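Please read the structure below before turning to the comments.
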Amino acid sequence: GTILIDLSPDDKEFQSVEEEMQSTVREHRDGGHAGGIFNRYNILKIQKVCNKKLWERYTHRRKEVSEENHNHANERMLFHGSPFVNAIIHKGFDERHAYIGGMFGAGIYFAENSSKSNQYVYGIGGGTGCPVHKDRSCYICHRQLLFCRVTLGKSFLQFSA
Amino acid sequence: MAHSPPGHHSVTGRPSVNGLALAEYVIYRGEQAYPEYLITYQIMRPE
Ligand SMILES: Nc1ccccc1-c1nc2ccccc2c(=O)[nH]1
Ligand SMILES: [Zn+2]
């Protein structure tokens, strides 16, 4: 039951999402190995993902968390890069979309830096890069990221390198 | 998936070395995220 609605580049919603994407690019300690060498993106399309069942699943859990945390969901907008983007938008996030070897355990990982999530579009550490050219720094192939509404609730703070 | 730490709903990975890095976050329940926007893009080659 997912439909995708194209946003016009003239829409303030398009513009605020593009600004979050562009403004959260940083340099990475791998010199671009995983995600490629770049300072900015060419945004080709921004689509709103509409699925009533998945939205209600989200808001149900959000209420549960809020009620466990003095009526505070601690909701953020965060990036997610994944080879399973098509499955996620149609069926929702689940255990198949987790990072099993992640430094904070097997869970679903999100980033404030869009460029961090860009490192995972083609798999962990960029995998073998784009399907067509096998290039983690491909400037031709179209990539996709999700910009996601995430309920953090009470979050365990891990200081880490 | 693993469980959240007892009494918590997520983990925040705070950067402690790279001064320019922003936080990363982990959830342990798929129902705690909704994929709002799908962004299609290319990375641009620096000039
Ligand atoms: N590591 C992953 C494995 C499968 C699907 C997605 C990811 C992934 N991991 C991340 C780790 C840290 C910060 C962001 C991400 C992310 O966007 N995707
Ligand atoms: Zn390519």
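Letters A, B, ... go to the chains of the structure tokens in the order shown; residues in each chain start at 1; ligands are counted from 1 in the same order.
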Would you kindly return, as a ChimeraX atom specification, each protein, DNA or RNA residue with an atom no farther than 9 Å from any atom of residue 124 of chain A, considering only C-alpha atoms and excluding same-chain residues fewer than 5 positions away?
-> /A:34,82,99,119
Selection export as a PDB file, in the first residue's frame, atoms kept: N, CA, C and O atoms:
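What landed in selection-v7.pdb:
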ATOM      1  N   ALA A  34      34.560   4.240   1.083  1.00  0.00           N
ATOM      2  CA  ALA A  34      33.242   3.603   1.144  1.00  0.00           C
ATOM      3  C   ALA A  34      32.204   4.333   0.303  1.00  0.00           C
ATOM      4  O   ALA A  34      31.485   3.701  -0.458  1.00  0.00           O
ATOM      5  N   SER A  82      20.890   2.153   2.457  1.00  0.00           N
ATOM      6  CA  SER A  82      20.766   0.711   2.501  1.00  0.00           C
ATOM      7  C   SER A  82      20.532   0.139   1.115  1.00  0.00           C
ATOM      8  O   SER A  82      19.833   0.740   0.308  1.00  0.00           O
ATOM      9  N   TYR A  99      21.990  -3.901  10.967  1.00  0.00           N
ATOM     10  CA  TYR A  99      23.426  -4.041  10.778  1.00  0.00           C
ATOM     11  C   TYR A  99      23.934  -4.997  11.843  1.00  0.00           C
ATOM     12  O   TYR A  99      24.171  -4.604  12.990  1.00  0.00           O
ATOM     13  N   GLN A 119      27.592   6.084   2.668  1.00  0.00           N
ATOM     14  CA  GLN A 119      28.564   4.981   2.674  1.00  0.00           C
ATOM     15  C   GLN A 119      27.928   3.586   2.643  1.00  0.00           C
ATOM     16  O   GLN A 119      28.651   2.605   2.446  1.00  0.00           O
TER      17      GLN A 119
END
Ligand 1: which residues are within 8 Å, counting only C-alpha atoms and all ligand atoms, as a PyMOL selection string?
-> (chain A and resi 79-84+97-102+108-111+116-121+123-125) or (chain B and resi 24-25)
Quick one: contact table of segment 1-39 of chain B to segment 65-70 of chain A, 12 Å max, nearest atom pair and distance in Å to one decimal per residue, counting only C-alpha atoms, chain and number order, as JSON lines?
{"residue": "B:7", "atom": "CA", "partner": "A:68", "partner_atom": "CA", "distance": 9.3}
{"residue": "B:8", "atom": "CA", "partner": "A:69", "partner_atom": "CA", "distance": 9.3}
{"residue": "B:9", "atom": "CA", "partner": "A:65", "partner_atom": "CA", "distance": 7.4}
{"residue": "B:10", "atom": "CA", "partner": "A:65", "partner_atom": "CA", "distance": 10.5}
{"residue": "B:29", "atom": "CA", "partner": "A:65", "partner_atom": "CA", "distance": 11.2}
{"residue": "B:31", "atom": "CA", "partner": "A:65", "partner_atom": "CA", "distance": 10.8}
{"residue": "B:32", "atom": "CA", "partner": "A:65", "partner_atom": "CA", "distance": 8.9}
List all protein, DNA and RNA residues that have any atom at most 9 Å from ligand 2, counting only C-alpha atoms and all ligand atoms, and write the list as a ChimeraX atom specification.
-> /A:129-142
Can you tell me, as number ranges by chain, what residues are no more than 7 Å from residue 1 of chain B when counting only C-alpha atoms, ignoring any on the same chain fewer than 5 positions away?
-> A: 95, 98, 106-107; B: 28
Which residues, written as an NGL selection string, have at least one atom at most 6 Å from segment 15-18 of chain B, with only C-alpha atoms counted and residues fewer than 2 positions away on the same chain left out?
-> (:A and (159-161)) or (:B and (20-21))
With N, CA, C and O atoms retained, write the just-selected residues as a short mmCIF file (atom, residue, chain, number, x, y, z; two decimals), in the first residue's frame.
data_model
loop_
_atom_site.label_atom_id
_atom_site.label_comp_id
_atom_site.auth_asym_id
_atom_site.auth_seq_id
_atom_site.Cartn_x
_atom_site.Cartn_y
_atom_site.Cartn_z
N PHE A 159 29.89 7.05 24.27
CA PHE A 159 30.98 7.88 23.78
C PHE A 159 31.83 6.90 22.96
O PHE A 159 31.98 5.75 23.36
N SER A 160 32.28 7.29 21.77
CA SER A 160 33.05 6.36 20.91
C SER A 160 33.85 7.08 19.84
O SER A 160 33.45 8.14 19.37
N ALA A 161 34.97 6.47 19.45
CA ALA A 161 35.82 6.99 18.37
C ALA A 161 35.15 6.75 17.01
O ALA A 161 35.53 7.35 16.00
N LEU B 20 34.40 16.90 13.83
CA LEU B 20 33.37 17.35 12.87
C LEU B 20 32.22 16.37 12.65
O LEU B 20 31.21 16.73 12.04
N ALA B 21 32.36 15.14 13.13
CA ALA B 21 31.31 14.12 12.93
C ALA B 21 30.08 14.39 13.78
O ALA B 21 30.17 14.80 14.95
#
Gap from atom CA of residue 153 of chain A to atom CA of residue 35 of chain A - Å, one decimal | 29.8 Å
Nearest to residue 4 of chain B, chosen from A:87, A:152, A:21, A:146, with only C-alpha atoms counted in the distances =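 Between A:87, A:152, A:21, A:146, the residue approaching residue 4 of chain B most closely is A:152.
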Residues of segment 23-149 of chain A in helix (DSSP H, G or I), written as JSON, numbers by chain = {"A": [23, 52, 53, 54, 55, 56, 57, 58, 59, 60, 61, 62, 63, 64, 65, 66, 67, 85, 86, 87, 88, 89, 90, 91, 95, 96, 97, 114, 115, 116, 117, 118, 124, 125, 126]}
Just to be explicit: take each residue in the selection above, keep C-alpha atoms, and write the result as a PDB file, in the first residue's frame.
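To be explicit, this is the file written out as selection.pdb:
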ATOM      1  CA  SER A  23      24.367  20.760   4.750  1.00  0.00           C
ATOM      2  CA  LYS A  52      -1.131   4.257   6.090  1.00  0.00           C
ATOM      3  CA  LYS A  53      -0.494   0.834   7.662  1.00  0.00           C
ATOM      4  CA  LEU A  54       3.248   1.555   8.129  1.00  0.00           C
ATOM      5  CA  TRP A  55       2.500   5.059   9.463  1.00  0.00           C
ATOM      6  CA  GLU A  56       0.049   3.635  12.026  1.00  0.00           C
ATOM      7  CA  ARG A  57       2.614   1.002  13.047  1.00  0.00           C
ATOM      8  CA  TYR A  58       5.064   3.856  13.646  1.00  0.00           C
ATOM      9  CA  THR A  59       2.669   6.080  15.622  1.00  0.00           C
ATOM     10  CA  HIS A  60       1.500   3.138  17.747  1.00  0.00           C
ATOM     11  CA  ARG A  61       5.076   2.415  18.834  1.00  0.00           C
ATOM     12  CA  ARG A  62       5.803   6.142  19.231  1.00  0.00           C
ATOM     13  CA  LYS A  63       2.963   6.448  21.750  1.00  0.00           C
ATOM     14  CA  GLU A  64       4.257   3.414  23.663  1.00  0.00           C
ATOM     15  CA  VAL A  65       7.719   4.986  23.895  1.00  0.00           C
ATOM     16  CA  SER A  66       6.392   8.444  24.787  1.00  0.00           C
ATOM     17  CA  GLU A  67       4.316   7.004  27.629  1.00  0.00           C
ATOM     18  CA  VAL A  85      15.563   0.766   0.316  1.00  0.00           C
ATOM     19  CA  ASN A  86      12.872  -0.767  -1.974  1.00  0.00           C
ATOM     20  CA  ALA A  87      11.884  -3.382   0.622  1.00  0.00           C
ATOM     21  CA  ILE A  88      11.846  -0.748   3.391  1.00  0.00           C
ATOM     22  CA  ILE A  89       9.477   1.677   1.667  1.00  0.00           C
ATOM     23  CA  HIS A  90       6.984  -1.111   0.832  1.00  0.00           C
ATOM     24  CA  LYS A  91       7.158  -3.367   3.912  1.00  0.00           C
ATOM     25  CA  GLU A  95      15.286  -7.293  11.504  1.00  0.00           C
ATOM     26  CA  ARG A  96      16.377  -7.927   7.864  1.00  0.00           C
ATOM     27  CA  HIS A  97      17.447  -4.250   7.617  1.00  0.00           C
ATOM     28  CA  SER A 114      23.840  12.303   5.052  1.00  0.00           C
ATOM     29  CA  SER A 115      27.356  11.444   3.850  1.00  0.00           C
ATOM     30  CA  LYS A 116      27.616   8.765   6.579  1.00  0.00           C
ATOM     31  CA  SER A 117      24.446   7.045   5.312  1.00  0.00           C
ATOM     32  CA  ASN A 118      25.785   7.450   1.733  1.00  0.00           C
ATOM     33  CA  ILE A 124      28.501  -2.259   4.265  1.00  0.00           C
ATOM     34  CA  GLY A 125      31.625  -0.189   3.596  1.00  0.00           C
ATOM     35  CA  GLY A 126      30.200   0.586   0.145  1.00  0.00           C
TER      36      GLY A 126
END
By how many Å are atom CA of residue 77 of chain A and atom CA of residue 33 of chain A apart?
-> 26.1 Å
